[PDB]
$ cat final26.pdb   # PDB, C-alpha atoms
MODEL        1
ATOM      1  CA  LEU I 214      -4.303   8.620  29.072
ATOM      2  CA  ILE I 215      -5.921  11.101  26.673
ATOM      3  CA  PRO I 216      -6.332  11.401  22.898
ATOM      4  CA  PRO I 217      -4.084  13.993  21.196
ATOM      5  CA  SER I 218      -6.895  16.530  20.835
ATOM      6  CA  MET I 219      -7.923  16.853  24.457
ATOM      7  CA  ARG I 220      -4.314  17.934  24.968
ATOM      8  CA  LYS I 221      -5.272  20.963  22.875
ATOM      9  CA  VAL I 222      -8.405  21.273  25.008
ATOM     10  CA  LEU I 223      -6.512  21.221  28.338
ATOM     11  CA  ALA I 224      -3.738  23.665  27.369
ATOM     12  CA  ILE I 225      -5.652  26.878  28.117
ATOM     13  CA  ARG I 226      -4.697  28.909  31.159
ATOM     14  CA  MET I 227      -7.366  28.985  33.839
ATOM     15  CA  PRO I 228      -9.417  32.235  33.864
ATOM     16  CA  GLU I 229      -7.525  34.078  36.617
ATOM     17  CA  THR I 230      -4.768  31.756  37.869
ATOM     18  CA  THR I 231      -1.143  30.993  36.938
ATOM     19  CA  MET I 232      -1.705  27.352  35.939
ATOM     20  CA  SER I 233      -3.083  25.442  32.973
ATOM     21  CA  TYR I 234      -5.689  22.689  33.100
ATOM     22  CA  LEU I 235      -2.955  20.158  32.263
ATOM     23  CA  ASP I 236      -0.878  21.113  35.331
ATOM     24  CA  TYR I 237      -3.516  21.330  38.074
ATOM     25  CA  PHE I 238      -4.498  17.716  37.414
ATOM     26  CA  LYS I 239      -0.788  16.855  37.265
ATOM     27  CA  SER I 240      -0.281  18.384  40.736
ATOM     28  CA  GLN I 241      -2.857  16.295  42.629
ATOM     29  CA  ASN I 242      -2.334  13.340  44.999
ATOM     30  CA  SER I 243       1.425  12.803  44.822
ATOM     31  CA  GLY I 244       1.931  13.160  41.077
ATOM     32  CA  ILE I 245      -0.196  12.324  38.042
ATOM     33  CA  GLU I 246       1.448  11.575  34.681
ATOM     34  CA  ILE I 247      -0.539  12.624  31.619
ATOM     35  CA  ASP I 248       0.444  11.364  28.165
ATOM     36  CA  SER I 249      -1.310  11.081  24.803
ATOM     37  CA  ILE I 250      -2.070   7.731  23.176
ATOM     38  CA  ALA I 251      -2.941   7.726  19.474
ATOM     39  CA  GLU I 252      -5.162   4.614  19.501
ATOM     40  CA  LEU I 253      -7.720   6.322  21.785
ATOM     41  CA  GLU I 254      -9.238   8.321  18.909
ATOM     42  CA  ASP I 255     -11.117   5.187  17.779
ATOM     43  CA  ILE I 256     -12.294   2.697  20.399
ATOM     44  CA  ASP I 257     -15.343   1.319  18.570
ATOM     45  CA  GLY I 258     -15.906   1.030  14.827
ATOM     46  CA  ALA I 259     -17.098   4.549  14.035
ATOM     47  CA  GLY I 260     -15.546   6.675  16.776
ATOM     48  CA  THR I 261     -16.019   7.602  20.429
ATOM     49  CA  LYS I 262     -12.685   8.799  21.907
ATOM     50  CA  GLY I 263     -11.922   7.660  25.456
ATOM     51  CA  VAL I 264      -9.927   8.511  28.565
ATOM     52  CA  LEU I 265      -8.487   6.191  31.214
ATOM     53  CA  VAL I 266      -7.761   7.025  34.858
TER      54      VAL I 266
ATOM     55  CA  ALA G   2      -3.086   4.226   6.744
ATOM     56  CA  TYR G   3      -1.326   7.604   7.156
ATOM     57  CA  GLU G   4      -1.372   8.997  10.719
ATOM     58  CA  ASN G   5      -2.401   7.155  13.907
ATOM     59  CA  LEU G   6      -0.174   4.265  12.746
ATOM     60  CA  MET G   7       3.454   3.629  13.664
ATOM     61  CA  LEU G   8       4.177   2.023  10.275
ATOM     62  CA  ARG G   9       2.837   2.619   6.796
ATOM     63  CA  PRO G  10       0.951  -0.519   5.691
ATOM     64  CA  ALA G  11       2.529  -1.285   2.307
ATOM     65  CA  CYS G  12       4.465   0.079  -0.676
ATOM     66  CA  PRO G  13       3.727  -0.738  -4.338
ATOM     67  CA  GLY G  14       5.692  -3.378  -6.199
ATOM     68  CA  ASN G  15       6.433  -5.584  -3.180
ATOM     69  CA  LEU G  16       5.240  -9.043  -2.192
ATOM     70  CA  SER G  17       2.626  -9.190   0.555
ATOM     71  CA  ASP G  18       2.669 -12.835   1.696
ATOM     72  CA  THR G  19       5.260 -15.613   1.512
ATOM     73  CA  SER G  20       3.090 -18.214  -0.230
ATOM     74  CA  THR G  21       4.264 -19.918  -3.442
ATOM     75  CA  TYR G  22       5.832 -17.005  -5.331
ATOM     76  CA  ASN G  23       7.860 -17.179  -8.538
ATOM     77  CA  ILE G  24      10.233 -14.459  -9.764
ATOM     78  CA  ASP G  25      11.784 -14.435 -13.229
ATOM     79  CA  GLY G  26      15.319 -13.084 -13.327
ATOM     80  CA  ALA G  27      16.098 -13.292 -17.047
ATOM     81  CA  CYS G  28      14.350 -10.190 -18.363
ATOM     82  CA  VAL G  29      15.313  -6.993 -20.184
ATOM     83  CA  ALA G  30      13.461  -3.674 -20.267
ATOM     84  CA  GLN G  31      12.558  -1.786 -23.446
ATOM     85  CA  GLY G  32      11.223   1.408 -21.863
ATOM     86  CA  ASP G  33      10.849   3.055 -18.489
ATOM     87  CA  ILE G  34       8.910   0.731 -16.182
ATOM     88  CA  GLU G  35       7.617   1.693 -12.745
ATOM     89  CA  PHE G  36       7.160  -0.665  -9.811
ATOM     90  CA  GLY G  37       3.765  -2.267 -10.003
ATOM     91  CA  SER G  38       1.887  -2.235 -13.313
ATOM     92  CA  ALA G  39       1.618  -5.264 -15.599
ATOM     93  CA  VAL G  40       4.104  -5.943 -18.405
ATOM     94  CA  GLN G  41       4.053  -7.695 -21.784
ATOM     95  CA  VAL G  42       6.519 -10.035 -23.487
ATOM     96  CA  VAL G  43       7.498  -8.470 -26.819
ATOM     97  CA  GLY G  44       9.947 -11.210 -27.764
ATOM     98  CA  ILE G  45      12.624 -13.620 -26.608
ATOM     99  CA  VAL G  46      16.266 -13.089 -27.591
ATOM    100  CA  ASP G  47      18.673 -15.920 -26.706
ATOM    101  CA  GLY G  48      16.649 -17.018 -23.699
ATOM    102  CA  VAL G  49      15.851 -13.680 -22.048
ATOM    103  CA  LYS G  50      12.492 -11.914 -22.354
ATOM    104  CA  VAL G  51      12.123  -8.301 -23.506
ATOM    105  CA  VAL G  52       9.325  -6.851 -21.363
ATOM    106  CA  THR G  53       7.500  -3.553 -21.876
ATOM    107  CA  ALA G  54       4.828  -1.608 -20.046
ATOM    108  CA  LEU G  55       1.295  -2.744 -20.818
ATOM    109  CA  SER G  56      -0.307  -1.250 -23.934
ATOM    110  CA  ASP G  57      -3.510  -1.736 -25.978
ATOM    111  CA  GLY G  58      -4.135  -5.226 -27.307
ATOM    112  CA  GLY G  59      -1.562  -6.977 -25.132
ATOM    113  CA  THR G  60      -1.997  -9.715 -22.566
ATOM    114  CA  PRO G  61      -0.371  -8.979 -19.185
ATOM    115  CA  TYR G  62       2.357 -11.350 -18.014
ATOM    116  CA  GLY G  63       3.541 -10.225 -14.576
ATOM    117  CA  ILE G  64       4.045  -7.379 -12.125
ATOM    118  CA  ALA G  65       7.345  -5.534 -11.780
ATOM    119  CA  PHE G  66       9.287  -6.197  -8.579
ATOM    120  CA  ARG G  67      11.181  -3.766  -6.347
ATOM    121  CA  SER G  68      14.881  -4.444  -5.763
ATOM    122  CA  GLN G  69      17.070  -2.009  -3.833
ATOM    123  CA  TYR G  70      20.339  -3.063  -5.512
ATOM    124  CA  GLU G  71      19.497  -3.347  -9.210
ATOM    125  CA  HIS G  72      17.577  -0.069  -9.575
ATOM    126  CA  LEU G  73      19.009   2.938  -7.725
ATOM    127  CA  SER G  74      16.676   5.526  -9.278
ATOM    128  CA  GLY G  75      13.189   4.558  -8.062
ATOM    129  CA  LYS G  76      12.180   3.000 -11.396
ATOM    130  CA  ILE G  77      13.370   0.526 -14.016
ATOM    131  CA  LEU G  78      15.214   2.313 -16.826
ATOM    132  CA  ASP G  79      15.744   1.297 -20.437
ATOM    133  CA  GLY G  80      18.236  -1.472 -21.139
ATOM    134  CA  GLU G  81      18.248  -2.751 -17.553
ATOM    135  CA  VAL G  82      17.643  -6.266 -16.263
ATOM    136  CA  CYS G  83      14.607  -6.578 -14.003
ATOM    137  CA  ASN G  84      12.635  -9.022 -11.874
ATOM    138  CA  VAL G  85       9.027  -9.855 -12.768
ATOM    139  CA  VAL G  86       6.596 -11.612 -10.438
ATOM    140  CA  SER G  87       5.154 -14.234 -12.770
ATOM    141  CA  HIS G  88       3.350 -15.927  -9.885
ATOM    142  CA  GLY G  89       2.479 -14.986  -6.317
ATOM    143  CA  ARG G  90       0.683 -12.255  -4.382
ATOM    144  CA  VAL G  91       1.899  -8.692  -4.975
ATOM    145  CA  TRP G  92       0.784  -5.107  -4.330
ATOM    146  CA  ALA G  93      -0.154  -3.393  -7.595
ATOM    147  CA  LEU G  94      -1.198   0.093  -8.740
ATOM    148  CA  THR G  95      -4.845   1.001  -9.279
ATOM    149  CA  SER G  96      -6.955   3.959 -10.365
ATOM    150  CA  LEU G  97      -9.922   3.096  -8.132
ATOM    151  CA  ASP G  98     -11.464   4.517  -4.971
ATOM    152  CA  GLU G  99     -13.493   1.575  -3.597
ATOM    153  CA  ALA G 100     -12.473  -2.025  -3.020
ATOM    154  CA  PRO G 101     -14.187  -4.392  -5.495
ATOM    155  CA  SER G 102     -15.957  -7.598  -4.568
ATOM    156  CA  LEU G 103     -13.796 -10.311  -3.042
ATOM    157  CA  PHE G 104     -12.248 -12.854  -5.428
ATOM    158  CA  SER G 105     -13.271 -10.733  -8.430
ATOM    159  CA  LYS G 106     -11.237 -10.838 -11.634
ATOM    160  CA  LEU G 107      -9.484  -7.509 -12.167
ATOM    161  CA  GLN G 108      -9.015  -5.634 -15.439
ATOM    162  CA  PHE G 109      -5.924  -3.717 -16.547
ATOM    163  CA  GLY G 110      -5.547  -0.651 -18.733
ATOM    164  CA  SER G 111      -3.366   2.376 -19.477
ATOM    165  CA  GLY G 112       0.186   1.734 -18.222
ATOM    166  CA  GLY G 113      -0.646  -1.473 -16.393
ATOM    167  CA  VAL G 114      -2.809   0.215 -13.755
ATOM    168  CA  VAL G 115      -6.012  -1.493 -12.634
ATOM    169  CA  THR G 116      -9.095   0.322 -13.942
ATOM    170  CA  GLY G 117     -11.880  -1.918 -12.634
ATOM    171  CA  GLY G 118     -13.122  -5.397 -11.841
ATOM    172  CA  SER G 119     -16.003  -7.492 -13.193
ATOM    173  CA  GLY G 120     -13.765  -9.332 -15.646
ATOM    174  CA  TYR G 121     -14.260 -12.708 -17.305
ATOM    175  CA  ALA G 122     -10.845 -14.390 -17.020
ATOM    176  CA  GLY G 123      -7.551 -13.512 -15.388
ATOM    177  CA  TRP G 124      -6.069 -12.697 -11.996
ATOM    178  CA  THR G 125      -8.175 -12.143  -8.889
ATOM    179  CA  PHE G 126      -8.520  -9.524  -6.170
ATOM    180  CA  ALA G 127      -7.235 -10.675  -2.794
ATOM    181  CA  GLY G 128      -8.123  -9.044   0.503
ATOM    182  CA  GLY G 129      -6.301  -5.730   0.600
ATOM    183  CA  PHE G 130      -6.860  -2.029  -0.066
ATOM    184  CA  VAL G 131      -4.584   0.737   1.246
ATOM    185  CA  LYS G 132      -4.091   4.449   0.551
ATOM    186  CA  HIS G 133      -0.846   5.656  -1.034
ATOM    187  CA  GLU G 134       0.140   9.281  -1.690
ATOM    188  CA  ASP G 135      -2.924  10.459  -3.628
ATOM    189  CA  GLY G 136      -4.617   7.208  -4.577
ATOM    190  CA  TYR G 137      -4.950   3.603  -3.480
ATOM    191  CA  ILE G 138      -3.049   0.327  -3.789
ATOM    192  CA  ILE G 139      -4.697  -3.002  -4.610
ATOM    193  CA  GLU G 140      -3.494  -6.537  -3.874
ATOM    194  CA  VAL G 141      -3.412  -8.893  -6.860
ATOM    195  CA  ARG G 142      -3.254 -12.696  -6.735
ATOM    196  CA  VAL G 143      -1.052 -13.454  -9.748
ATOM    197  CA  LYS G 144      -1.410 -16.925 -11.242
ATOM    198  CA  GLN G 145       0.701 -18.344 -14.049
ATOM    199  CA  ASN G 146      -1.043 -19.604 -17.202
ATOM    200  CA  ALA G 147      -3.985 -17.249 -16.587
ATOM    201  CA  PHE G 148      -3.999 -15.001 -19.679
ATOM    202  CA  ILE G 149      -3.723 -16.798 -23.030
ATOM    203  CA  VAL G 150      -2.737 -14.654 -26.015
ATOM    204  CA  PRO G 151      -5.511 -14.841 -28.629
ATOM    205  CA  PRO G 152      -4.827 -16.629 -31.919
ATOM    206  CA  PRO G 153      -4.446 -14.277 -34.896
TER     207      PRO G 153
ENDMDL
END

$ encode --input "final26.pdb" --output "structure tokens"
Amino acid sequence: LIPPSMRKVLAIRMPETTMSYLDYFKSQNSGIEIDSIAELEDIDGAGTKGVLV
Amino acid sequence: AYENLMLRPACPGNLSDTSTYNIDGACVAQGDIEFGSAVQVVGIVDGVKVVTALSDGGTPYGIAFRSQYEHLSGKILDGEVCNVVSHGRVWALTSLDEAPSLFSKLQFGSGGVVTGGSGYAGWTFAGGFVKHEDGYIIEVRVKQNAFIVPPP
């Protein structure tokens, strides 16, 4: 689970491959399922942004 | 409010809590009245009350209420019956940017919009402050028999 800004971060194609950062992590183990939760942009009072695996 | 929320918090001219509210149904409008904003009582004709938007030198009476059957134009037009929240807890319109102190008596000006707190007598500010369009919305704890019209 990622905030909907790190989705922008992980959309770039890798330097010299044919995959994006969001697909290589999706292709590991058997299958990983990445989706964006909106409440993860504010976990404490001010702001931290978090990720869950 | 705004993004990161499934639902918008509140809309002006609507009750917030279901706790001892009173709605008058025998009222007539003299001019264009928008949801929210306090109203006066110009006079009484055969039982009904002729309410107008707040002006200078007039004691507020209640806050206009939003009904989706009576008013099909987004506002209360001239010569139309309307509902007024004489008592209860309703979302009003304000021209402020920061929430006042809790349980502080609000002040009204212009067309019934709240201009500031630190009053002497009247209604009080409940716990609530939300952003709407370009501006904010304040929650007002309306109590009957709060404003007494001054003697001449």

$ residues_around --input "final26.pdb" --residues "residue 235 (chain I)" --least-positions-apart "6" --cutoff "8 Å" --atoms "all atoms listed in the file" --output "PyMOL selection string"
chain I and resi 220+223-224+247

$ atom_distance --input "final26.pdb" --atom1 "CA of residue 239 (chain I)" --atom2 "CA of residue 215 (chain I)"
13.1 Å

$ axis_aligned_box --input "final26.pdb" --around "region 10-21 of chain G" --padding-each-side "8 Å" --output "lines of an AutoDock Vina configuration file"
center_x = 3.7
center_y = -9.9
center_z = -0.3
size_x = 21.5
size_y = 36.0
size_z = 27.9

$ atom_distance --input "final26.pdb" --atom1 "CA of residue 248 (chain I)" --atom2 "CA of residue 214 (chain I)"
5.6 Å

$ residues_near_point --input "final26.pdb" --point "(13.3, -8.6, -4.7)" --cutoff "10 Å" --atoms "only C-alpha atoms" --output "PyMOL selection string"
chain G and resi 14-16+24+26+65-71+83-86

$ closest_atom_pairs --input "final26.pdb" --of "chain G" --to "chain I" --cutoff "12 Å" --atoms "all atoms listed in the file" --output "CSV"
residue,atom,partner,partner_atom,distance
G:4,CA,I:251,CA,9.0
G:5,CA,I:251,CA,5.6
G:6,CA,I:251,CA,8.1
G:7,CA,I:251,CA,9.6

$ atom_distance --input "final26.pdb" --atom1 "CA of residue 92 (chain G)" --atom2 "CA of residue 125 (chain G)"
12.3 Å

$ residues_around --input "final26.pdb" --residues "region 27-33 of chain G" --least-positions-apart "3" --cutoff "6 Å" --atoms "only C-alpha atoms" --output "count of residues only"
12

$ residues_around --input "final26.pdb" --residues "residue 245 (chain I)" --least-positions-apart "5" --cutoff "10 Å" --atoms "all atoms listed in the file" --output "tab-separated table (two decimals) with C-alpha atoms, in the coordinates of the input"
chain	number	residue	atom	x	y	z
I	236	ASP	CA	-0.88	21.11	35.33
I	237	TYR	CA	-3.52	21.33	38.07
I	238	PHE	CA	-4.50	17.72	37.41
I	239	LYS	CA	-0.79	16.86	37.26
I	240	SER	CA	-0.28	18.38	40.74
I	266	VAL	CA	-7.76	7.02	34.86

$ residues_around --input "final26.pdb" --residues "region 107-114 of chain G" --least-positions-apart "4" --cutoff "12 Å" --atoms "all atoms listed in the file" --output "JSON list (two decimals) with C-alpha atoms, in the coordinates of the input"
[["chain", "number", "residue", "atom", "x", "y", "z"],
["G", 13, "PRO", "CA", 3.73, -0.74, -4.34],
["G", 14, "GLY", "CA", 5.69, -3.38, -6.20],
["G", 32, "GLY", "CA", 11.22, 1.41, -21.86],
["G", 33, "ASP", "CA", 10.85, 3.06, -18.49],
["G", 34, "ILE", "CA", 8.91, 0.73, -16.18],
["G", 35, "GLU", "CA", 7.62, 1.69, -12.74],
["G", 36, "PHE", "CA", 7.16, -0.66, -9.81],
["G", 37, "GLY", "CA", 3.76, -2.27, -10.00],
["G", 38, "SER", "CA", 1.89, -2.24, -13.31],
["G", 39, "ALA", "CA", 1.62, -5.26, -15.60],
["G", 40, "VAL", "CA", 4.10, -5.94, -18.40],
["G", 41, "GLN", "CA", 4.05, -7.70, -21.78],
["G", 53, "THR", "CA", 7.50, -3.55, -21.88],
["G", 54, "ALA", "CA", 4.83, -1.61, -20.05],
["G", 55, "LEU", "CA", 1.30, -2.74, -20.82],
["G", 56, "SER", "CA", -0.31, -1.25, -23.93],
["G", 57, "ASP", "CA", -3.51, -1.74, -25.98],
["G", 58, "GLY", "CA", -4.14, -5.23, -27.31],
["G", 59, "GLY", "CA", -1.56, -6.98, -25.13],
["G", 60, "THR", "CA", -2.00, -9.72, -22.57],
["G", 61, "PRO", "CA", -0.37, -8.98, -19.18],
["G", 62, "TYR", "CA", 2.36, -11.35, -18.01],
["G", 63, "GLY", "CA", 3.54, -10.22, -14.58],
["G", 64, "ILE", "CA", 4.04, -7.38, -12.12],
["G", 65, "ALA", "CA", 7.34, -5.53, -11.78],
["G", 92, "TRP", "CA", 0.78, -5.11, -4.33],
["G", 93, "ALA", "CA", -0.15, -3.39, -7.60],
["G", 94, "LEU", "CA", -1.20, 0.09, -8.74],
["G", 95, "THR", "CA", -4.84, 1.00, -9.28],
["G", 96, "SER", "CA", -6.96, 3.96, -10.36],
["G", 97, "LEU", "CA", -9.92, 3.10, -8.13],
["G", 100, "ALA", "CA", -12.47, -2.02, -3.02],
["G", 101, "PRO", "CA", -14.19, -4.39, -5.50],
["G", 102, "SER", "CA", -15.96, -7.60, -4.57],
["G", 103, "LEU", "CA", -13.80, -10.31, -3.04],
["G", 118, "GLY", "CA", -13.12, -5.40, -11.84],
["G", 119, "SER", "CA", -16.00, -7.49, -13.19],
["G", 120, "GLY", "CA", -13.76, -9.33, -15.65],
["G", 121, "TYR", "CA", -14.26, -12.71, -17.30],
["G", 122, "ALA", "CA", -10.84, -14.39, -17.02],
["G", 123, "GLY", "CA", -7.55, -13.51, -15.39],
["G", 124, "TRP", "CA", -6.07, -12.70, -12.00],
["G", 125, "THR", "CA", -8.18, -12.14, -8.89],
["G", 126, "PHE", "CA", -8.52, -9.52, -6.17],
["G", 127, "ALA", "CA", -7.24, -10.68, -2.79],
["G", 136, "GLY", "CA", -4.62, 7.21, -4.58],
["G", 137, "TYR", "CA", -4.95, 3.60, -3.48],
["G", 138, "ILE", "CA", -3.05, 0.33, -3.79],
["G", 139, "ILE", "CA", -4.70, -3.00, -4.61],
["G", 140, "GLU", "CA", -3.49, -6.54, -3.87],
["G", 141, "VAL", "CA", -3.41, -8.89, -6.86],
["G", 142, "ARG", "CA", -3.25, -12.70, -6.74],
["G", 143, "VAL", "CA", -1.05, -13.45, -9.75],
["G", 148, "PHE", "CA", -4.00, -15.00, -19.68]]

$ closest_residue --input "final26.pdb" --among "G:145, G:23, G:74, G:17" --to "residue 130 (chain G)" --atoms "only C-alpha atoms"
G:17
